[PDB]
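Q: Can you keep this structure in mind? I'll have questions shortly.
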Amino acid sequence: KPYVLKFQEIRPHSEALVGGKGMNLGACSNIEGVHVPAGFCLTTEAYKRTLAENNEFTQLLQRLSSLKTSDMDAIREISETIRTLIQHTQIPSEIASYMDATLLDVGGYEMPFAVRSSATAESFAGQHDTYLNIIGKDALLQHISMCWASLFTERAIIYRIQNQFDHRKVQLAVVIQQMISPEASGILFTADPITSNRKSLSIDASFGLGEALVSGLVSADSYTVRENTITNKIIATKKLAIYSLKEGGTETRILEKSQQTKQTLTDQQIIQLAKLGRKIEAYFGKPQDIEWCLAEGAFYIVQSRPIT
């Protein structure tokens, strides 16, 4: 029914409606805290109401399942067309208004948002778009539309025919977070990722935005924690780190290099983030994949997954 939901407010099964990522985030929102970046979660019924329930589009969609994997030179143009259509389609005022509603508490288009595609299927399908540091309403009405549009790239349209997913059922729910500015960023596996064994928690940790480490453009320390003790640290030479431009976009800075070799997290912050990553582990029961960041001395959970 709803178009937007606030993370704390949402309950299971919000997955049908808010996607896997939004599901996990809301779930995270609950322990408290375990603070989670403020935001909301635009629902699949925006996709449905916006593109769901349209006519150039639906027949276009139909034209597609008259497809094959081997009609190549066509689904290219065709893809371009669906895509342009998703772009050239306005988001109704009402949905647009409900955004402003919940958004004006946290609040306003004051802060810059992260716009993350949020899949239903809790690989190469286009349900992973992340878009950073988007400022103001008009601009995220645009990216919201770009996330939806990603679903109809040739690669995503290839991957869906290959695994016989059907497009008429493709829905995309967009998660919007207000981004805070990081002292540090990182990942945390609550399980040796190679051997699958639990008792060693692994943290990665750099300066600047989290996306830059996840996307692997940047170097990062590597601490290991085993029942409340630091069993290993690896301080990396962090030459680069990425930050968000007030004007907009992101910039890649070169670190002072005195701090290039500064241990990112304090041994005490390390044990701190350890418990946190393991408090979170408790609730899901199974082992997690925790993007995080460190603002003002607070640890926020940006995402949580499960492994594999």
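Scheme for the structure tokens: letters A, B, ... for chains in order shown; per-chain residue numbers from 1; ligand numbers from 1 in order shown.
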For residue 216 of chain A, work out the shell of residues within 12 Å, counting only C-alpha atoms and skipping chain neighbours fewer than 5 positions away, then give it as a list in words.
A: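 Everything that qualifies: residues 186, 187, 204, 206, 209, 210, 211, 240, 241 and 242 of chain A.
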Q: Could you list, with a cut-off of 10 Å and counting only C-alpha atoms, the residues of segment 87-199 of chain A near segment 25-42 of chain A, each shown with its nearest atom pair and the distance in Å rounded to one decimal, rows sorted by chain and ascending number, as JSON lines?
A:
{"residue": "A:95", "atom": "CA", "partner": "A:42", "partner_atom": "CA", "distance": 8.7}
{"residue": "A:96", "atom": "CA", "partner": "A:42", "partner_atom": "CA", "distance": 9.8}
{"residue": "A:98", "atom": "CA", "partner": "A:42", "partner_atom": "CA", "distance": 9.3}
{"residue": "A:99", "atom": "CA", "partner": "A:42", "partner_atom": "CA", "distance": 7.6}
{"residue": "A:102", "atom": "CA", "partner": "A:40", "partner_atom": "CA", "distance": 7.2}
{"residue": "A:103", "atom": "CA", "partner": "A:39", "partner_atom": "CA", "distance": 7.1}
{"residue": "A:105", "atom": "CA", "partner": "A:39", "partner_atom": "CA", "distance": 9.5}
{"residue": "A:106", "atom": "CA", "partner": "A:38", "partner_atom": "CA", "distance": 6.6}
{"residue": "A:107", "atom": "CA", "partner": "A:39", "partner_atom": "CA", "distance": 8.7}
{"residue": "A:113", "atom": "CA", "partner": "A:39", "partner_atom": "CA", "distance": 8.3}
{"residue": "A:114", "atom": "CA", "partner": "A:39", "partner_atom": "CA", "distance": 9.3}
{"residue": "A:115", "atom": "CA", "partner": "A:41", "partner_atom": "CA", "distance": 9.7}
{"residue": "A:116", "atom": "CA", "partner": "A:41", "partner_atom": "CA", "distance": 9.6}
{"residue": "A:118", "atom": "CA", "partner": "A:41", "partner_atom": "CA", "distance": 9.0}
{"residue": "A:144", "atom": "CA", "partner": "A:42", "partner_atom": "CA", "distance": 8.8}
{"residue": "A:172", "atom": "CA", "partner": "A:42", "partner_atom": "CA", "distance": 9.5}
{"residue": "A:173", "atom": "CA", "partner": "A:42", "partner_atom": "CA", "distance": 6.2}
{"residue": "A:174", "atom": "CA", "partner": "A:42", "partner_atom": "CA", "distance": 5.3}
{"residue": "A:175", "atom": "CA", "partner": "A:41", "partner_atom": "CA", "distance": 4.4}
{"residue": "A:176", "atom": "CA", "partner": "A:39", "partner_atom": "CA", "distance": 5.7}
{"residue": "A:177", "atom": "CA", "partner": "A:39", "partner_atom": "CA", "distance": 4.4}
{"residue": "A:178", "atom": "CA", "partner": "A:38", "partner_atom": "CA", "distance": 5.7}
{"residue": "A:179", "atom": "CA", "partner": "A:37", "partner_atom": "CA", "distance": 6.8}
{"residue": "A:180", "atom": "CA", "partner": "A:37", "partner_atom": "CA", "distance": 7.5}
Q: Tell me which protein, DNA and RNA residues are within 12 Å of residue 141 of chain A, counting only C-alpha atoms, leaving out same-chain ones fewer than 5 positions away, and put them as a compact mmCIF listing (two decimals) with N, CA and C atoms, in the first residue's frame.
A:
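Wrote it out as selection35.txt, contents follow:
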# COMPACT_ATOMS: atom_id res chain seq x y z
N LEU A 42 11.63 4.19 -0.35
CA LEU A 42 10.60 4.24 -1.38
C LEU A 42 10.20 2.84 -1.78
N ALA A 46 5.72 2.48 -5.59
CA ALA A 46 6.07 3.60 -6.43
C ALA A 46 6.44 3.08 -7.83
N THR A 50 4.22 4.42 -10.60
CA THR A 50 4.93 5.16 -11.60
C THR A 50 5.09 4.51 -12.95
N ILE A 86 11.72 5.16 -19.03
CA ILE A 86 11.76 5.24 -17.58
C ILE A 86 12.25 6.59 -17.19
N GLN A 87 13.20 7.11 -17.94
CA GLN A 87 13.67 8.47 -17.72
C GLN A 87 12.64 9.52 -17.93
N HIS A 88 11.84 9.40 -18.97
CA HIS A 88 10.99 10.48 -19.47
C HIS A 88 9.63 10.41 -18.85
N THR A 89 9.54 9.63 -17.79
CA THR A 89 8.29 9.42 -17.11
C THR A 89 8.33 10.06 -15.75
N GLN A 90 7.36 10.90 -15.48
CA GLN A 90 7.33 11.64 -14.28
C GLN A 90 6.87 10.75 -13.19
N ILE A 91 7.26 11.08 -11.98
CA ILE A 91 6.87 10.38 -10.81
C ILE A 91 5.74 11.17 -10.27
N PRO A 92 4.61 10.42 -9.97
CA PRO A 92 3.43 11.22 -9.66
C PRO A 92 3.65 12.13 -8.51
N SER A 93 2.89 13.19 -8.42
CA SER A 93 3.05 14.14 -7.36
C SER A 93 2.83 13.50 -6.04
N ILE A 95 3.27 10.46 -4.71
CA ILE A 95 4.42 9.69 -4.24
C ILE A 95 5.48 10.69 -3.85
N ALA A 96 5.71 11.61 -4.78
CA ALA A 96 6.71 12.63 -4.60
C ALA A 96 6.44 13.37 -3.30
N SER A 97 5.16 13.55 -2.98
CA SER A 97 4.78 14.28 -1.77
C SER A 97 5.01 13.45 -0.50
N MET A 99 7.22 11.30 -0.05
CA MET A 99 8.64 11.40 0.25
C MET A 99 8.91 12.58 1.16
N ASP A 100 8.51 13.76 0.70
CA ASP A 100 8.73 15.01 1.42
C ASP A 100 8.22 14.90 2.85
N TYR A 109 15.58 18.44 2.34
CA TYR A 109 16.60 18.06 1.39
C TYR A 109 17.89 18.78 1.82
N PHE A 113 21.72 12.64 0.18
CA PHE A 113 21.31 11.25 0.29
C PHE A 113 22.16 10.32 -0.55
N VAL A 115 21.46 6.96 -2.76
CA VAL A 115 20.34 6.29 -3.40
C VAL A 115 20.73 4.88 -3.87
N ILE A 134 23.67 12.59 -3.35
CA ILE A 134 22.66 13.28 -4.15
C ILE A 134 21.95 14.33 -3.28
N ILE A 135 22.04 15.61 -3.69
CA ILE A 135 21.47 16.77 -2.95
C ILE A 135 20.14 17.30 -3.54
N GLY A 136 19.10 17.34 -2.71
CA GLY A 136 17.86 17.98 -3.10
C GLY A 136 16.88 17.18 -3.94
N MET A 146 16.75 6.47 -12.26
CA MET A 146 17.88 5.80 -12.89
C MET A 146 18.05 4.37 -12.38
N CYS A 147 17.75 4.17 -11.09
CA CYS A 147 17.79 2.84 -10.50
C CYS A 147 16.82 1.92 -11.21
N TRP A 148 15.58 2.36 -11.33
CA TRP A 148 14.57 1.63 -12.08
C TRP A 148 15.04 1.32 -13.47
N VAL A 174 13.79 1.29 -3.98
CA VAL A 174 14.90 2.18 -3.74
C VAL A 174 14.95 2.61 -2.29
N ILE A 176 16.79 5.10 0.52
CA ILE A 176 17.43 6.41 0.52
C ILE A 176 17.95 6.68 1.87
Q: Among segment 252-285 of chain A, which ones does DSSP assign to alpha helix (DSSP H) (computed from the backbone)? Answer as number ranges by chain.
A: A: 267-284
Q: Store the residues picked out above in a file with N, CA, C and O atoms, as a PDB file, in the first residue's frame.
A:
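The resulting file, out.pdb, is shown below:
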ATOM      1  N   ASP A 267      42.596   0.737  18.572  1.00  0.00           N
ATOM      2  CA  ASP A 267      42.435  -0.608  19.154  1.00  0.00           C
ATOM      3  C   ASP A 267      41.158  -0.695  19.983  1.00  0.00           C
ATOM      4  O   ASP A 267      40.481  -1.726  20.028  1.00  0.00           O
ATOM      5  N   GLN A 268      40.826   0.408  20.637  1.00  0.00           N
ATOM      6  CA  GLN A 268      39.638   0.435  21.453  1.00  0.00           C
ATOM      7  C   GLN A 268      38.395   0.613  20.577  1.00  0.00           C
ATOM      8  O   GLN A 268      37.340   0.084  20.911  1.00  0.00           O
ATOM      9  N   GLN A 269      38.509   1.338  19.467  1.00  0.00           N
ATOM     10  CA  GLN A 269      37.373   1.456  18.560  1.00  0.00           C
ATOM     11  C   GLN A 269      37.143   0.085  17.910  1.00  0.00           C
ATOM     12  O   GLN A 269      36.010  -0.313  17.583  1.00  0.00           O
ATOM     13  N   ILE A 270      38.245  -0.629  17.727  1.00  0.00           N
ATOM     14  CA  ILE A 270      38.213  -1.924  17.081  1.00  0.00           C
ATOM     15  C   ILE A 270      37.380  -2.891  17.892  1.00  0.00           C
ATOM     16  O   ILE A 270      36.371  -3.378  17.395  1.00  0.00           O
ATOM     17  N   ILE A 271      37.761  -3.144  19.139  1.00  0.00           N
ATOM     18  CA  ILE A 271      36.922  -3.966  20.007  1.00  0.00           C
ATOM     19  C   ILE A 271      35.484  -3.428  20.058  1.00  0.00           C
ATOM     20  O   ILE A 271      34.530  -4.207  20.100  1.00  0.00           O
ATOM     21  N   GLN A 272      35.321  -2.106  20.040  1.00  0.00           N
ATOM     22  CA  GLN A 272      33.970  -1.541  20.045  1.00  0.00           C
ATOM     23  C   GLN A 272      33.206  -2.049  18.827  1.00  0.00           C
ATOM     24  O   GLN A 272      32.192  -2.742  18.977  1.00  0.00           O
ATOM     25  N   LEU A 273      33.702  -1.748  17.627  1.00  0.00           N
ATOM     26  CA  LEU A 273      33.009  -2.190  16.415  1.00  0.00           C
ATOM     27  C   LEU A 273      32.845  -3.719  16.392  1.00  0.00           C
ATOM     28  O   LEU A 273      31.883  -4.227  15.818  1.00  0.00           O
ATOM     29  N   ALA A 274      33.753  -4.444  17.041  1.00  0.00           N
ATOM     30  CA  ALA A 274      33.649  -5.895  17.123  1.00  0.00           C
ATOM     31  C   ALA A 274      32.353  -6.329  17.795  1.00  0.00           C
ATOM     32  O   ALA A 274      31.579  -7.083  17.199  1.00  0.00           O
ATOM     33  N   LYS A 275      32.108  -5.851  19.019  1.00  0.00           N
ATOM     34  CA  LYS A 275      30.881  -6.202  19.743  1.00  0.00           C
ATOM     35  C   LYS A 275      29.667  -5.855  18.881  1.00  0.00           C
ATOM     36  O   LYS A 275      28.775  -6.683  18.675  1.00  0.00           O
ATOM     37  N   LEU A 276      29.659  -4.633  18.357  1.00  0.00           N
ATOM     38  CA  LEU A 276      28.574  -4.160  17.501  1.00  0.00           C
ATOM     39  C   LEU A 276      28.299  -5.153  16.351  1.00  0.00           C
ATOM     40  O   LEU A 276      27.160  -5.551  16.083  1.00  0.00           O
ATOM     41  N   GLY A 277      29.364  -5.586  15.698  1.00  0.00           N
ATOM     42  CA  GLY A 277      29.213  -6.429  14.543  1.00  0.00           C
ATOM     43  C   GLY A 277      28.710  -7.752  15.040  1.00  0.00           C
ATOM     44  O   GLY A 277      28.151  -8.539  14.276  1.00  0.00           O
ATOM     45  N   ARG A 278      28.904  -8.004  16.331  1.00  0.00           N
ATOM     46  CA  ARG A 278      28.523  -9.298  16.848  1.00  0.00           C
ATOM     47  C   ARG A 278      27.218  -9.212  17.631  1.00  0.00           C
ATOM     48  O   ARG A 278      26.517 -10.218  17.779  1.00  0.00           O
ATOM     49  N   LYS A 279      26.854  -8.009  18.067  1.00  0.00           N
ATOM     50  CA  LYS A 279      25.502  -7.809  18.562  1.00  0.00           C
ATOM     51  C   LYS A 279      24.533  -8.059  17.395  1.00  0.00           C
ATOM     52  O   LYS A 279      23.551  -8.795  17.525  1.00  0.00           O
ATOM     53  N   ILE A 280      24.840  -7.456  16.252  1.00  0.00           N
ATOM     54  CA  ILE A 280      24.046  -7.592  15.040  1.00  0.00           C
ATOM     55  C   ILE A 280      23.977  -9.040  14.602  1.00  0.00           C
ATOM     56  O   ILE A 280      22.929  -9.508  14.174  1.00  0.00           O
ATOM     57  N   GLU A 281      25.091  -9.748  14.749  1.00  0.00           N
ATOM     58  CA  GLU A 281      25.166 -11.152  14.361  1.00  0.00           C
ATOM     59  C   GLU A 281      24.164 -12.000  15.135  1.00  0.00           C
ATOM     60  O   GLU A 281      23.556 -12.929  14.590  1.00  0.00           O
ATOM     61  N   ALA A 282      24.013 -11.660  16.412  1.00  0.00           N
ATOM     62  CA  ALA A 282      23.099 -12.344  17.315  1.00  0.00           C
ATOM     63  C   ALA A 282      21.707 -12.360  16.726  1.00  0.00           C
ATOM     64  O   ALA A 282      21.145 -13.437  16.505  1.00  0.00           O
ATOM     65  N   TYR A 283      21.177 -11.161  16.455  1.00  0.00           N
ATOM     66  CA  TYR A 283      19.786 -11.103  15.986  1.00  0.00           C
ATOM     67  C   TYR A 283      19.590 -11.923  14.714  1.00  0.00           C
ATOM     68  O   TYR A 283      18.886 -12.921  14.744  1.00  0.00           O
ATOM     69  N   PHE A 284      20.288 -11.712  13.613  1.00  0.00           N
ATOM     70  CA  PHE A 284      20.067 -12.542  12.430  1.00  0.00           C
ATOM     71  C   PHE A 284      20.292 -14.022  12.714  1.00  0.00           C
ATOM     72  O   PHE A 284      19.752 -14.880  12.007  1.00  0.00           O
TER      73      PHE A 284
END
Q: So how many Å separate atom CA of residue 245 of chain A and atom CA of residue 19 of chain A, to one decimal?
A: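 If I compute the distance from atom CA of residue 245 of chain A to atom CA of residue 19 of chain A, I get 29.3 Å.
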Q: To one decimal place, how far is atom CA of residue 254 of chain A from atom CA of residue 213 of chain A in Å?
A: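 One can read the atom CA of residue 254 of chain A to atom CA of residue 213 of chain A distance as 14.9 Å.
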Q: For residue 45 of chain A, find every residue with an atom within 10 Å (counting only C-alpha atoms), except residues of its own chain fewer than 6 positions away, and show them as a PyMOL selection string.
A: chain A and resi 1-4+17-18+51-52+95+171-173
Q: Include N, CA, C and O atoms and write out the residues we just selected as a compact mmCIF listing (two decimals), in the first residue's frame.
A:
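Heads up, here's the output in again_2.txt:
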# COMPACT_ATOMS: atom_id res chain seq x y z
N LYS A 1 0.79 -1.19 0.00
CA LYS A 1 0.00 0.00 0.00
C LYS A 1 0.83 1.25 0.00
O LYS A 1 0.63 2.10 -0.83
N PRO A 2 1.73 1.41 0.95
CA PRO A 2 2.50 2.64 1.09
C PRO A 2 3.49 2.86 0.01
O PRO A 2 3.71 1.99 -0.77
N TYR A 3 4.03 4.06 -0.10
CA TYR A 3 5.01 4.33 -1.10
C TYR A 3 6.33 4.50 -0.43
O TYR A 3 7.34 4.18 -0.98
N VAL A 4 6.33 5.00 0.78
CA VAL A 4 7.53 5.20 1.51
C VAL A 4 7.39 4.66 2.88
O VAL A 4 6.33 4.58 3.36
N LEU A 17 7.70 -5.71 -0.20
CA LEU A 17 7.56 -4.28 -0.44
C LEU A 17 8.80 -3.41 -0.46
O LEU A 17 8.91 -2.54 -1.27
N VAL A 18 9.72 -3.65 0.46
CA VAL A 18 10.90 -2.84 0.55
C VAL A 18 12.20 -3.42 0.11
O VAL A 18 13.20 -2.83 0.28
N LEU A 51 5.58 3.29 -12.99
CA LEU A 51 5.79 2.63 -14.26
C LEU A 51 4.83 1.52 -14.40
O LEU A 51 4.40 1.20 -15.48
N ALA A 52 4.56 0.92 -13.26
CA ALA A 52 3.56 -0.11 -13.06
C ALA A 52 2.64 0.93 -13.65
O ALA A 52 2.83 2.13 -13.48
N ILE A 95 3.27 10.46 -4.71
CA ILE A 95 4.42 9.69 -4.24
C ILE A 95 5.48 10.69 -3.85
O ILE A 95 6.05 10.63 -2.76
N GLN A 171 10.42 -5.70 -10.19
CA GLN A 171 9.98 -4.53 -9.39
C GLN A 171 11.32 -4.11 -8.82
O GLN A 171 12.20 -4.89 -8.82
N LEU A 172 11.51 -2.86 -8.44
CA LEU A 172 12.77 -2.42 -7.86
C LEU A 172 12.32 -1.45 -6.73
O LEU A 172 11.54 -0.58 -6.94
N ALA A 173 12.85 -1.60 -5.54
CA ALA A 173 12.54 -0.73 -4.44
C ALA A 173 13.86 -0.02 -4.13
O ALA A 173 14.92 -0.66 -4.05
Q: Could you give me, as a list in words, the residues within 8 Å of residue 154 of chain A, counting only C-alpha atoms and dropping anything in the same chain fewer than 3 positions from it?
A: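 So, after excluding close chain neighbours, the residues are residues 75, 76, 79, 157 and 158 of chain A.
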Q: How about saving the chosen residues, N, CA, C and O atoms kept, as an mmCIF file, in the first residue's frame?
A:
data_model
loop_
_atom_site.group_PDB
_atom_site.id
_atom_site.type_symbol
_atom_site.label_atom_id
_atom_site.label_comp_id
_atom_site.auth_asym_id
_atom_site.auth_seq_id
_atom_site.Cartn_x
_atom_site.Cartn_y
_atom_site.Cartn_z
ATOM 1 N N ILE A 75 16.977 -6.134 -29.020
ATOM 2 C CA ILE A 75 16.895 -5.839 -27.611
ATOM 3 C C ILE A 75 17.914 -4.788 -27.245
ATOM 4 O O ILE A 75 17.937 -4.310 -26.135
ATOM 5 N N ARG A 76 18.837 -4.433 -28.128
ATOM 6 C CA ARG A 76 19.672 -3.269 -27.837
ATOM 7 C C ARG A 76 18.949 -1.937 -27.960
ATOM 8 O O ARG A 76 18.951 -1.085 -27.066
ATOM 9 N N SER A 79 16.128 -1.978 -25.539
ATOM 10 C CA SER A 79 16.519 -1.680 -24.195
ATOM 11 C C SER A 79 16.647 -0.204 -24.088
ATOM 12 O O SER A 79 16.178 0.383 -23.145
ATOM 13 N N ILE A 157 19.011 -7.444 -19.091
ATOM 14 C CA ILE A 157 18.014 -8.108 -19.925
ATOM 15 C C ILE A 157 18.564 -9.435 -20.458
ATOM 16 O O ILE A 157 17.814 -10.392 -20.665
ATOM 17 N N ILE A 158 19.873 -9.500 -20.665
ATOM 18 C CA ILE A 158 20.512 -10.781 -20.942
ATOM 19 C C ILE A 158 20.334 -11.709 -19.748
ATOM 20 O O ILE A 158 19.690 -12.752 -19.864
#
Q: According to DSSP computed on the backbone, where in segment 89-208 of chain A is there strand (DSSP E)? Give the residues as a PyMOL selection string.
A: chain A and resi 112-118+130-135+173-178+184-189+201-206
